[PDB]
């Protein structure tokens, strides 16, 4: 019984791309400031073309399941529009944290937008699961913009750097990186070859509040 859930490995995700150039440039400066202190950490830095907020992870195992995931994303749009009622959902970024001292990310600043984004993420989780898709992960959901992952440098983890030293980013711990307005949400593949601009391959996409 427990096997398909035991063997589960996400391979797709819902993604909010970062498009505000102020955020993109600020994250690049943060990454460069860390590299200057320890040149070995360059290999852990995520490519700027990939900057995004993950909204939901899931497993889609064949063409039919990918098509069902596409359907679920298209069906999610009216739920989001009903929540927001045409007003921008503005996501400000401030605060730096880590998961297990292995993934470093910039946090969403506190405020009313947090609960709004959390409700969107929970609606996505529920509606995708009701179509029979296996979703989610053991890590508790926390919206974040990842800038580095030690898992991208596995040899370094065995040869000197097992954890991210928080002192590396201390100068940025209260910096306001900028705001992203919710617009596009993509269904992205984790494994497929990336686009020429460095962003993930997309199976489909929706836009919220378009004009």
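Residue numbers count along the first chain shown, from 1.
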Note to self: If you average the CA temperature factors as listed in the entry, which stretch comes out higher, 159 to 167 or 58 to 66?
What the structure shows: 159 to 167
Checklist line | 126 to 134 versus 71 to 79 - greater average Cα B-factor per the deposited record | finding: 126 to 134
Checklist line | Maximum C-alpha temperature factor, selected from 103, 84, 91, 106 | finding: 84
Checklist line | C-alpha B-factor winner, where the candidates are 195, 9, 15, 20 | finding: 195
Checklist line | Ranked C-alpha temperature factor of residue 186 among modelled chain residues, by third | finding: lowest
Notebook entry, point to check: Comparing residue 152 with the other modelled residues of its chain, is its CA B-factor in the lowest, middle or highest third?
Noted result: middle
Note to self: Sorting by Cα B-factor within the chain, modelled residues only, which third would residue 144 end up in: lowest, middle or highest?
What the structure shows: middle
